[PDB]
Amino acid sequence: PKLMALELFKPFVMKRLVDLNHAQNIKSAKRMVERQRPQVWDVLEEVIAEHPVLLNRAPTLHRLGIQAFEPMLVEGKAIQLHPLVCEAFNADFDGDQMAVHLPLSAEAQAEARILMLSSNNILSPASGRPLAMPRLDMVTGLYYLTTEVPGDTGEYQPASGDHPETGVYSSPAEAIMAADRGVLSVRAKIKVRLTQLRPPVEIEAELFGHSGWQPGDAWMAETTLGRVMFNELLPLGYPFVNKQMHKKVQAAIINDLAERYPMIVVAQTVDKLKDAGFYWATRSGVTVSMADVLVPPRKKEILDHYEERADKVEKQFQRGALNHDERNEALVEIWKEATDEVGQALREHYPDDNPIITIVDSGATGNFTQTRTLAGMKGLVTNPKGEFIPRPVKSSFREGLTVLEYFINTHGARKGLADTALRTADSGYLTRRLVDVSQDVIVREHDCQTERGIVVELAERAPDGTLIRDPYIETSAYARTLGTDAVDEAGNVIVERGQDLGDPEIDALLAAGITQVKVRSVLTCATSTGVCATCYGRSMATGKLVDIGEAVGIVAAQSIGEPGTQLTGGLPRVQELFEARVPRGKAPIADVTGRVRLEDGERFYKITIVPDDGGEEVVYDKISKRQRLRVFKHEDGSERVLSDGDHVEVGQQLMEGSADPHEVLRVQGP
Amino acid sequence: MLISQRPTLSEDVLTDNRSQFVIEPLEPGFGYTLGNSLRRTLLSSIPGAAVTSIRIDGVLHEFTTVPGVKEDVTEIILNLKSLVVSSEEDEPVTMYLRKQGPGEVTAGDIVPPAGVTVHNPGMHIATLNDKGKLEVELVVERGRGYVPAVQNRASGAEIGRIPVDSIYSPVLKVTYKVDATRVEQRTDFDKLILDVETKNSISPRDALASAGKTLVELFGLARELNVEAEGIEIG
Amino acid sequence: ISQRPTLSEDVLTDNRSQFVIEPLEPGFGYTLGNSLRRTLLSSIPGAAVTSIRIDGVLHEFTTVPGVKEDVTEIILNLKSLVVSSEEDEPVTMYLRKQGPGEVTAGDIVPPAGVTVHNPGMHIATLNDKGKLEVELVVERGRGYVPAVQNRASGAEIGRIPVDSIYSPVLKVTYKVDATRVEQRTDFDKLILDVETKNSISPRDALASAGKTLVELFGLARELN
Amino acid sequence: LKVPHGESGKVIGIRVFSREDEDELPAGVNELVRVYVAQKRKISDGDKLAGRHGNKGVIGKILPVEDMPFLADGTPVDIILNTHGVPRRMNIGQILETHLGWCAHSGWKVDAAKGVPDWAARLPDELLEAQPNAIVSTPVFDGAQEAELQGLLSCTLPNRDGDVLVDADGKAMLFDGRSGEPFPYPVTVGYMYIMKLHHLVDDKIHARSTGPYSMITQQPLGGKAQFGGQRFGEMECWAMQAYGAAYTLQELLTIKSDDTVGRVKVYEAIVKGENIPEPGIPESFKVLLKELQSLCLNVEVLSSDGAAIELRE
Amino acid sequence: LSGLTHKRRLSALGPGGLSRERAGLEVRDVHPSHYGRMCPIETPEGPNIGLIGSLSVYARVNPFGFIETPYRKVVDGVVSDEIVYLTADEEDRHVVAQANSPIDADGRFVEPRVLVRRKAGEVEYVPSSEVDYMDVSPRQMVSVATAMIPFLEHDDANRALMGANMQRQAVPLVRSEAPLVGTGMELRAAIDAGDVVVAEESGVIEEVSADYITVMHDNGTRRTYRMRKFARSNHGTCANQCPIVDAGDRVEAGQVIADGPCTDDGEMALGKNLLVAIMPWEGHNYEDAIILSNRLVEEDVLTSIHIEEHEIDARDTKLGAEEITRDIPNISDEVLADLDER
Amino acid sequence: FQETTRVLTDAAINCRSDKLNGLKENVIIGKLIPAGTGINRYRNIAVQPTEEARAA
Amino acid sequence: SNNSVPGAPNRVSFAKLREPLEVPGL
Amino acid sequence: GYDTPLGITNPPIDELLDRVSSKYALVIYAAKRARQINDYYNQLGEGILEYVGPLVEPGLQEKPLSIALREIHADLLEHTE
Ligand SMILES: [Mg+2]
Ligand SMILES: [Zn+2]
């Protein structure tokens, strides 16, 4: 706002007013600024040019909570913002305020321009996946503009008889004119010649032999006009795409852009995509009305059938052959089946062009459960204890509930609201302690030269064939640093040591067929104080190797503590795990390696351990409430339940539960 | 020229053949008043000439490739539409293209009668293998805008004339963005940025001048409806 | 192809009027009408009150004896007064009444050069034993200016700044009739409907809009 | 007494109380004056609006009248909501109300030929016909049903020009006012009752460059009426340490807050144009040193080699 | 509305009661016996949730301190117009049915099996020959605030809570308008809030002026009602009253004659009627924003009035006595232009 | 953290000297924190124009 | 009809006739 | 090959980081050069033979720090450490 920028930048304005001879002395200049004479506004836009400020959104959770920015004067009395960074501030627009700080010295201005600029922090410190992506309306705009409908005007028509090919356009410059006139709709399949967009990695091979594609070479593509428009926003040289821009597709495209290109190109691309998405969302025809919400016509039949079953069950109870617990179980199962059935019917009924289905399907917002509640039927509602009411809620919010049904729904949601209220402080209580413990960890030396590392399983080769990708690949060893060169059973090495794992490196490694890799970690880092840069790995915000001196403890503390809000085990489990108290389950372990035998009775469990190599069998006595922990025996089948004769290694957990960290320490090692 | 506080001035930034025109500062709420109307006039009110329909000697049904050529009929059409022309007489004229023997066909091989010219002879059209006869008849007409894909659907005969959509206007692509800027104290005066890319027929500045002339002549009809009105003056 | 310069036709009703422009190029009868609408509703000069003085009062948030409505409602009613003027200086009008009745805009006494175009309006309901005496300032301009842009003058304590709505135009709309049968006979006929506030006849407003747009577009025709 | 930072308006009433005029007062005082300042606020950005069904929101932009989309008749809409927020919250009721609002605004006349229709069987005869903008009621857990509302939407009166603006489904064909082309698809339009919550922006916006300082702690005052500055909580301290930012943190803690010598020096340097001088040493540290020395614990600050230093002056 | 709802609030905190940290999750959620006594939807959304409730519409308090609700007497498939008030235990020991169950115009049930609530919150179908009591009105369980929300049964409970907690935060505007779709409760709400002057005894209007209204009774006695103008409320808004009647108008006792703030024609009006459209629009209403037309700022459809108060007081110091004076030490007269001699 | 008297007196007896290598202490005093742009490696950076650049 | 307060504006309502008693003194 | 950057961003951070090993060093590098430039611009009014001023043409009264970063990017400035 003007009325605030004239207050933060008061001394600079005074100086430049006294300099340009609009005021003789400082006192007159200060008077002029305070009275807001029409001379000042000319100076104000000059002084604040490219002078960054800092925006913070109290309370701040993670290191992206305070970010630099460049100011722009604007009318009104509110601080505008760029939509993409809202998720960075986790701030919606119900009236949440923000604080503005201003740096003065040359050091502070340079530091705010280089380190803390918003355009440079696109990558989340936790995972490395960019968090500045199209979010709510951009997603549905793009999902509309890139959809294809098989029955629209201007569609492709193969030649037949006296009518030659209609629907072939020389260049998209002509296609846009055609759409403007009113003959071509932007979602109809056509063949168009392209001259600036690199064809997909496959078509290029046939059409060009990889002699080298160049800007200016022509080819022909079967697309809609929409995908041609959407690919003109991605950077020059990125291969053409042909896919409906669901949420996941955009995620993948943005990830590739982040990995294979500098940050600036990614930022400019994301801005262009936002602009196009907003401009094309308005015309999407996404409107909600009472007509769009449609009630399935077969609901009555299903309701009466399951009601007949339920009343028969209740009569069988009235005959004395059933217990109350049986009554509750039978009714719960019947009504769960009924809700699933009406949900299936509803999913079938709605045409794909419904605004509700368009909103929920393209990954914008919500689930299908909310739509089922809105249209089909409520289902089952909870109790203050935590059980399910035997009586269901047949009515749907479109059709309107009754007094008693609404009463029970009211009984429902207040518990959730109270839990949401209570979890707020417990989310950050952990973060405070974590930052307390690990504030002195700083990258100090560039290397340790020590080759001790750790072993990580990249993938799995199932006996069925080919390879099975490890689900934990993107966390455990996605962005580590190697310690030893990568070579397969063949004599040709694939990746040399010291080369950080990326996405191309990981994919190539999996293609060459490697399973276990040795990588450098931070546990084995050999330095008395702090850690080492190389042993640490690749920074999660820059995307390249971490710099010397960067604080690393605080980043980890924030990263662990931030997502604690979205919990429900849980936060107490995390607290127990870090504080390392004695666990509740208190599972046993195989202090001596060997086979396991069951001698348990009905009251307690008496389990014997027969050492493989001499030794003496060691027998544990425990409670019979715990079940045996299934051990993947040498038969390679983890479904083999623990039994006498199963073969286990040293320290194997015997029954289900969580072990004492101290015993595992003194048995195995660090 | 005093009632308006500030007089807007049209700048110009050039590149190869496209250009950017900046107008600033317009009175608040005028950027979209000018941008969209100016864009539409630029696209669809600049008279020019274009190829209407083609005739090929040896074709009965148009789907199959012409004998003795490499590019299909469709690629012939796509190459031919891009070719630019410029005629003076509004009545249609006819162009003849003749080629024989192995080699390649350029645009310069078109022999135009008086009053009709081709501005980019160096355009690849088709490749002919050994012993290939290619005789094409082009119909060149004048007008404005962009005709549909098929100029005439019910109009036809056994002559084999193929109707072809034509891009009459010499302007290809026009986009515009509207930003904010400040004058005096109010900080919402519109500034218009207009990007225009055209053919080799007309330089962009001349196209913009023609568009402005057309629009002012249109609004003069509303102006003359009453001789004496106040309005607003600018410099 | 076809070379027909456009033409305009006028149809008149009581206060609103229709204007038909034809024949326009395909896909161009919309933006033209939209430009006319965006100018007619924002840049038509007019005249309206900017300040009042009431005897025996100092500020707006109060009342006066003998009147059924306090000063705030008097200002609110006086806002929608319709006044037409041509002098380029702040002119002054008076309004006084006494005794029971209904003080309406008809009792306004205008000096030379300004006119009031709605004697049937209602300003206040004057009870018995209630005087009323007000003095009005009328200016010219365009668009709209907030009242507080006038308080900086630092004049006497009695003057009450008042908002202003200089725009006379009330409602504008359009329709397009498209002859689109596939031939060279495609055109758009634009029908523009205009209604104003009984102050300025519609044709004059349309003329003002046309002149503003002509002046604006003229800067593009000049070469380098 | 001066008007606090932010207030404005016109004085409308002055109450003066004096002890000598037989008026009861608290002991120790003689004259007490209350002055009332009134101001007529408007609506702008930042102000908070809300419907009745808990769909709150904040004002984002106040477009000129000609930019708003307008119906076919030519009346621009007064407010534009968003549709991505209805299905998630399940406050579908507002949609129903919106439809009914239009049915109430333009009035309806159900056709009584061939008897009353099936959906008009239970509808009381008072609601068969209604004049324009005639108010109606709808008791909770009773009142208008979906069939009745659907029937009403199809039997609405035309406007003064013999046109029906809305359709059977409840949608209408708007025109984009910013460009000119009609919207490709019909949109939902109706009348809604909208309030104005009491979280106004003008009592939240606040700025400070250099003003009063507290006389006890040598820190700037708090609150808005005291022309104070903004709290800098420890979480921001962690967030600044995370970036590797050092000079910014030291400056935000030393020469801006409680360096009694540094602040004047930096003001003079800025207003004169020279380089910002180095930070001094915060008053909090000197307070800590005095508190420690008052407990008989000799604390001194050594130099790098080992030579003793003093922070006396 | 804010005052009316504030007067009926039931608070579980306070002296002699459990503290904020004493309260657990057992003393916050709705118990099945709240039906008809404490409204289950209205509650502050902050940390005090559950502890603070609102009394229902029809509840009244028995002499001992328990809360009674009305009921209708049903003998044997016959509904009587006698109304009997019951406490919690009596409602426990009997059987009760909903009020929206179909009834015949003669006074008999139609369907054999009707829906009935019973003890411990159970609800089931039961033949019509043993139903003891039938409720009065469908709105028997809602507070006053939540009874003013149209189409209440179509909204989720969570959003209905925020809908009921925002009418208690509105702001009176300069000139108010009655809503187009109301729920009928607002008339009684306004007339019992007490902020609208209501004629005590019938008569005719003699002198009506912006400051006072004079009415002569039938017997010839006279009365004069004074009306507060631009008086400060507690939260800074303006409390203004205006007449609606005119001279010579016959009025009857109990009829409203001067609406207060947030009232038009004696009905609770809090906001305006705006023409709305439902559509995303080029990103200015992304994530719960709202776009407004400039017409609202023009016709001041939504302008309010705020009145602040400032207090000064001069006490007797030990060095003398402070005194309100016009002669400030060394202050230029341009600063001191607007003061009087005092 | 806790029991300030205990740690204070225990440090007092031993005449313990604290080297400001941490982030809580350096932020209590007000010195540049020894992380990021505050370490001694970068603090004593000198910068001069190259000899190739000169004023004609 | 259903209104008990004299002179109040008429407000037609969708309802089923229900009148054992009116809302008590609030 | 990217679109020409606007305002603060130019010169882009990557091209800058090509010429300096570690970004923390870049911060102090730019800060010290900017201090020198401001000092020269301060003394040019009343003194001679100060530190050498900007090595590239300043625009219409732009900040010294922008000049420092711009002239690092063109590699007109050496680095010692
Ligand atoms: Mg919020
Ligand atoms: Zn290491």
# chains A, B, ... in the order shown; residues from 1 in each chain; ligands from 1
$ select_by_dssp --residues "stretch 113-218 of chain C" --states "alpha helix (DSSP H)" --output "number ranges by chain"
C: 202-218
$ residues_near_ligand --ligand "ligand 2" --cutoff "7 Å" --atoms "only C-alpha atoms and all ligand atoms" --output "ChimeraX atom specification"
/A:447-448,522,525-527,531-536
$ residues_around --residues "residue C:206" --least-positions-apart "2" --cutoff "10 Å" --atoms "only C-alpha atoms" --output "number ranges by chain"
B: 222-223, 225-226, 229; C: 19, 36-37, 39-40, 44, 194, 201-204, 208-212
$ residues_around --residues "stretch 22-32 of chain H" --least-positions-apart "2" --cutoff "7 Å" --atoms "only C-alpha atoms" --output "short mmCIF file (atom, residue, chain, number, x, y, z; two decimals) with N, CA and C atoms, in the first residue's frame"
data_model
loop_
_atom_site.label_atom_id
_atom_site.label_comp_id
_atom_site.auth_asym_id
_atom_site.auth_seq_id
_atom_site.Cartn_x
_atom_site.Cartn_y
_atom_site.Cartn_z
N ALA A 106 24.10 -2.69 3.44
CA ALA A 106 24.44 -3.33 2.17
C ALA A 106 24.49 -4.84 2.32
N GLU A 107 25.05 -5.33 3.44
CA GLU A 107 25.09 -6.76 3.66
C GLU A 107 23.69 -7.35 3.69
N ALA A 110 22.06 -7.42 0.18
CA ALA A 110 22.62 -8.47 -0.67
C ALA A 110 22.15 -9.84 -0.21
N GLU A 111 22.11 -10.06 1.10
CA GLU A 111 21.70 -11.34 1.63
C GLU A 111 20.24 -11.63 1.33
N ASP A 547 26.84 -26.40 0.49
CA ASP A 547 27.95 -25.49 0.62
C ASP A 547 28.60 -25.63 1.99
N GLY F 36 26.73 -20.10 8.21
CA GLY F 36 26.44 -19.35 7.00
C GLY F 36 27.49 -18.30 6.74
N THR F 37 27.03 -17.08 6.46
CA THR F 37 27.94 -16.00 6.11
C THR F 37 28.68 -15.43 7.30
N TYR F 42 35.00 -16.79 5.46
CA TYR F 42 34.52 -15.76 4.57
C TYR F 42 34.59 -14.36 5.16
N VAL F 47 38.48 -7.72 -1.43
CA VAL F 47 38.06 -7.58 -2.81
C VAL F 47 38.68 -6.33 -3.40
N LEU H 17 26.86 -17.84 -10.27
CA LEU H 17 27.52 -18.87 -9.48
C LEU H 17 28.55 -19.64 -10.28
N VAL H 20 31.90 -17.92 -9.16
CA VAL H 20 32.29 -17.96 -7.75
C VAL H 20 31.92 -19.32 -7.20
N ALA H 34 29.99 -3.35 -3.18
CA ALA H 34 29.01 -2.28 -3.12
C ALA H 34 29.42 -1.20 -2.14
N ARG H 35 30.00 -1.58 -1.01
CA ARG H 35 30.49 -0.57 -0.09
C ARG H 35 31.55 0.30 -0.75
N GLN H 36 32.47 -0.31 -1.49
CA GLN H 36 33.48 0.49 -2.18
C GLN H 36 32.84 1.45 -3.18
N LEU H 65 24.41 -1.76 -5.36
CA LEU H 65 24.51 -3.21 -5.29
C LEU H 65 24.20 -3.86 -6.63
N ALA H 68 27.29 -3.68 -8.56
CA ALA H 68 28.30 -4.64 -8.13
C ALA H 68 28.02 -6.02 -8.69
N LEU H 69 26.77 -6.48 -8.59
CA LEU H 69 26.44 -7.80 -9.12
C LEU H 69 26.60 -7.83 -10.64
#
$ residues_around --residues "stretch 5-19 of chain G" --least-positions-apart "5" --cutoff "8 Å" --atoms "only C-alpha atoms" --output "number ranges by chain"
D: 123-124, 126-127, 135-139, 142-144; E: 137, 184, 252, 254-256, 265-266
$ interface_residues --of "chain H" --to "chain D" --cutoff "8 Å" --atoms "only C-alpha atoms" --output "VMD selection string"
chain H and resid 35 38 to 39 42
$ atom_distance --atom1 "atom CA of residue B:129" --atom2 "atom CA of residue B:99"
11.4 Å
$ interface_residues --of "chain D" --to "chain E" --cutoff "6 Å" --atoms "only C-alpha atoms" --output "PyMOL selection string"
chain D and resi 28-42+52-54+57-65+77-83+91+93+135-141+188-197
$ interface_residues --of "chain C" --to "chain A" --cutoff "10 Å" --atoms "only C-alpha atoms" --output "ChimeraX atom specification"
/C:26-28
$ decode --residues "stretch 115-143 of chain C" --atoms "C-alpha atoms" --output "PDB file, in the first residue's frame"
ATOM      1  CA  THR C 115     -31.521  23.032 -14.406  1.00  0.00           C
ATOM      2  CA  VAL C 116     -33.203  20.430 -12.215  1.00  0.00           C
ATOM      3  CA  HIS C 117     -34.895  17.626 -14.134  1.00  0.00           C
ATOM      4  CA  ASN C 118     -37.085  15.879 -11.572  1.00  0.00           C
ATOM      5  CA  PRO C 119     -39.514  18.085  -9.622  1.00  0.00           C
ATOM      6  CA  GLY C 120     -41.319  14.974  -8.397  1.00  0.00           C
ATOM      7  CA  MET C 121     -38.448  13.840  -6.185  1.00  0.00           C
ATOM      8  CA  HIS C 122     -38.738  13.728  -2.390  1.00  0.00           C
ATOM      9  CA  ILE C 123     -36.138  15.334  -0.127  1.00  0.00           C
ATOM     10  CA  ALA C 124     -37.772  15.537   3.294  1.00  0.00           C
ATOM     11  CA  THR C 125     -41.084  15.602   5.154  1.00  0.00           C
ATOM     12  CA  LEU C 126     -41.284  18.944   6.936  1.00  0.00           C
ATOM     13  CA  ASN C 127     -43.301  18.912  10.143  1.00  0.00           C
ATOM     14  CA  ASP C 128     -45.097  21.992  11.405  1.00  0.00           C
ATOM     15  CA  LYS C 129     -42.954  24.594  13.206  1.00  0.00           C
ATOM     16  CA  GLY C 130     -39.887  23.419  11.290  1.00  0.00           C
ATOM     17  CA  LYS C 131     -37.686  25.708   9.232  1.00  0.00           C
ATOM     18  CA  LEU C 132     -35.393  24.421   6.526  1.00  0.00           C
ATOM     19  CA  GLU C 133     -32.684  26.356   4.691  1.00  0.00           C
ATOM     20  CA  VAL C 134     -29.893  24.756   2.647  1.00  0.00           C
ATOM     21  CA  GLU C 135     -27.397  26.002   0.080  1.00  0.00           C
ATOM     22  CA  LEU C 136     -26.005  23.741  -2.640  1.00  0.00           C
ATOM     23  CA  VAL C 137     -22.842  23.808  -4.752  1.00  0.00           C
ATOM     24  CA  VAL C 138     -22.960  22.311  -8.247  1.00  0.00           C
ATOM     25  CA  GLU C 139     -19.856  21.510 -10.299  1.00  0.00           C
ATOM     26  CA  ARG C 140     -18.898  19.639 -13.470  1.00  0.00           C
ATOM     27  CA  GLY C 141     -16.616  16.699 -14.127  1.00  0.00           C
ATOM     28  CA  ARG C 142     -16.728  13.045 -15.092  1.00  0.00           C
ATOM     29  CA  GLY C 143     -16.529   9.579 -13.601  1.00  0.00           C
TER      30      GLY C 143
END
